[PDB]
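Computed from heavy atoms alone, side chains included, the values below leave out hydrogens, waters and symmetry copies. Each chain gets a letter, A, B and so on, in the order the sequences are listed, and its residues count up from 1.
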Amino acid sequence: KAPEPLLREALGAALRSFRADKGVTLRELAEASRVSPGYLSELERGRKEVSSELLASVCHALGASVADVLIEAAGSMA
Amino acid sequence: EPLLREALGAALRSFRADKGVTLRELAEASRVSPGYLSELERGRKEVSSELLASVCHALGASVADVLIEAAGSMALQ
């Protein structure tokens, strides 16, 4: 079939859903995370490989644990 | 909270242990050096999406199961 999801795609989709749940805009999270909205958008779309430290920062800004974001990302691997 | 790379690497190590596969065997099947695989297992280096998929494929493991294990190892709560 078409390609398997990449981790970064599944993780980006998880991050987007945690952001949407919190009702926070792209720009809002971007400023909170000290990244550009373009960067965040590309992360959310599975087009950036994020360092562990930056992922931890984005999750802290969402008030989410990395563990919870990662388990959600598993839900997008099929 | 552990770093993602630490969690992912420990999960890969666990899955390798469970299958009784040697570091050198899995590294070679993954077309990487065994020293690099060791670094990844100990969270010394980021585990990229593509590398994760390639090592899991060599392991006969689904990436999702490795993520579930990684997330479990990280729990503070």
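- For the atom pair CG of B:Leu67 and CD of A:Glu72, the computed distance is 12.0 Å after rounding to the nearest 0.5 Å.
- Heavy-atom minimum distance, B:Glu1 versus A:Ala67: OE2-N, 3.0 Å.
- Under a hydrophobic clustering in which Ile, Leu, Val, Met, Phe, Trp and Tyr are joined whenever their side-chain heavy atoms come within less than 4.5 Å, directly or via other members, A:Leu54 and A:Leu26 fall into the same cluster.
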Side chain to side chain donor-acceptor pair (under 3.5 Å) assessment of A:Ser52 paired with B:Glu6: CA-CA 9 Å; A:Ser52 296; B:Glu6 289 166 344; over 6 Å; no
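- Summarising the local packing, CD of B:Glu50 is surrounded by more than 12 heavy atoms from other residues, nucleotides or ligands at distances under 6.0 Å.
- Residues A:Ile71 and A:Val69 fall into different hydrophobic clusters, defined by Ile, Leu, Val, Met, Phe, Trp and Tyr side chains chained together at heavy-atom separations under 4.5 Å.
- Of the listed residues (B:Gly43, B:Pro2, B:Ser48, B:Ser73), the one with the most heavy-atom contacts under 4.5 Å to chain A is B:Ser48.
- Of all heavy-atom pairs spanning B:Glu46 and A:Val50, the tightest one is OE1-O, 4.3 Å.
- Residues A:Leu6 and B:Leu4 do not share a hydrophobic cluster, defined by chaining ILVMFWY side chains whose heavy atoms lie under 4.5 Å apart.
- Interatomic distance, CD of A:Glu4 versus SG of B:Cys56, reported as 12.0 Å (0.5 Å rounding).
- Linking ILVMFWY side-chain heavy atoms closer than 4.5 Å, directly or via other members, places B:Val63 and B:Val32 in a single hydrophobic cluster.
- In this structure, chain B has a heavy atom under 4.5 Å from the side chain of A:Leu55, while its backbone stays farther away.
- Across A:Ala73, A:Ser65, A:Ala56, the residue that shares the most heavy-atom pairs under 4.5 angstrom with chain B is A:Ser65.
- In the hydrophobic clustering of ILVMFWY residues, with side-chain heavy atoms under 4.5 Å counting as a link, A:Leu62 and B:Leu3 come out apart.
- Within the 4.5 angstrom heavy-atom criterion, only side-chain atoms of B:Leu8, from C-beta onward, approach chain A.
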